């Protein structure tokens, strides 16, 4: 008996560094990469320990198909209380009342969440209209429904609400979507509502890129005008990877809102199985923390940092789409320096700087890069720190011009050159040195 009891404990309580050294080594190398590098991907962020402790818990052991108080399986009395608590905290986070709004927190991702709304509200093939980043059908939404997307004014970079109104009145989509893409300026949610109303569409906002700013009233509030708001749990909110759906409830021929039953059912049982109980606990923790002054200050600093960085790059002759930002992210046009994002991205990578090329405009040039403050803001960077980072971003560009010039016609021989360049190796060292000056949550 006691022999078997020890056999279980042996296996069950064996640490990762013993149970799987090969993985453990890779995890440690990746932890080091994270610490010794700058993170400028506007998506990315760093989570606190408590969120990781929630993820890495016995909650993964319990299958909980269904909703709180209406599960497929017995034993969910404590998982219900967690999900419920997670819900309550989601409303309070966005200053919502339970009589006017409900929320489903099971969606495996933001993509997943959006598609559930469409699945729930629409018959297959019905029409939707949302923003777009400039076989041939890519998103599942565009496969299983009829997506006619809209785009930003190619000259201004801003949204043209007038063309949008024309377009929407003509296409009469069942669902109109705002948010979605990485847009560096505030939305006129009020306006989009007027449009939605005119063409008899349901207004949805995908607030993934602004979840942080919305909760902290540091941008326009879509909850004031949309019938549905989806989001990512892990960007602004520094929660775990997943999605979430807010919908209206109770009164507005239609007497009351019809959303809750349809959406809940679409998530489960239509599209998903059980939820990730561990993700939900993690999410509740993250959402408790969003409702704090500490988090408000975090977002405020995030935005000050973004202006600091914008100002820095304009001072250095750079071209920003719209000439700046209202929020936490920058679209930087490199074509005036004669660079594509594709290559600048890959040089920055060699120098421990992570960013990502983006689509920019009146043809579609491959010469944009997308940058955001949240990650380094989380590591305690302030306005002067971002002024430093700017210098690194310019040195990287100066190198990139210099290398394209010497290697004018080498597709293979260019990637090799990278690994033995002295100016890269110098900048990489400056970046690692810089990076180590800032703390890294949960070590």
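Residue numbers count along the first chain shown, from 1.
> Which class describes the count of deposited residues lacking coordinates between residue 134 and residue 135: none, 1 to 3, 4 to 9, or 10 or more?
Unresolved stretch here: 10 or more residues.
> Are any deposited residues left out of the model between residue 361 and residue 362, and how many (none, 1 to 3, 4 to 9, 10 or more)?
Per the record, 1 to 3 deposited residues are absent between residue 361 and residue 362.
> Quick check on the record: does 59 to 67 or 377 to 385 carry the larger mean Cα temperature factor?
Result of the comparison: 377 to 385.
> Mean C-alpha B-factor higher for 335 to 343, or for 149 to 157?
Comparing 335 to 343 with 149 to 157, the higher average CA B-factor belongs to 335 to 343.
> Looking at the C-alpha B-factor values in the deposited entry, which of 10, 23, 18, 424 comes out highest?
The listed residue with the largest C-alpha B-factor is 424.
> Between 264, 270, 220, 255, let me know which has the highest C-alpha B-factor in the entry?
Of 264, 270, 220, 255, 255 has the highest C-alpha B-factor.
> Looking at the temperature factor on the CA atom of residue 206, which third of the chain's modelled residues does it land in?
Within its chain, residue 206 is a lowest-third residue by C-alpha B-factor, going by the deposited values.
> Would you mind ranking residue 168 by its C-alpha B-factor against the rest of the chain and naming the third, lowest, middle or highest?
Middle third, going by the recorded CA B-factors of the chain.
> Would you mind checking where the Cα B-factor of residue 322 ranks among the modelled residues of its chain, as the lowest, middle or highest third?
For residue 322, whose C-alpha B-factor we compare with every modelled residue in the chain, the answer is the highest third.
> Would you please rank residue 280 by its C-alpha temperature factor against the other modelled residues of its chain and give the third it falls in: lowest, middle or highest?
Lowest third of the chain for residue 280's C-alpha B-factor.
> Is residue 213 in the lowest, middle or highest third of its chain when residues are ranked by C-alpha B-factor?
As the PDB entry reports it, the C-alpha B-factor of residue 213 lands in the middle third of its chain.
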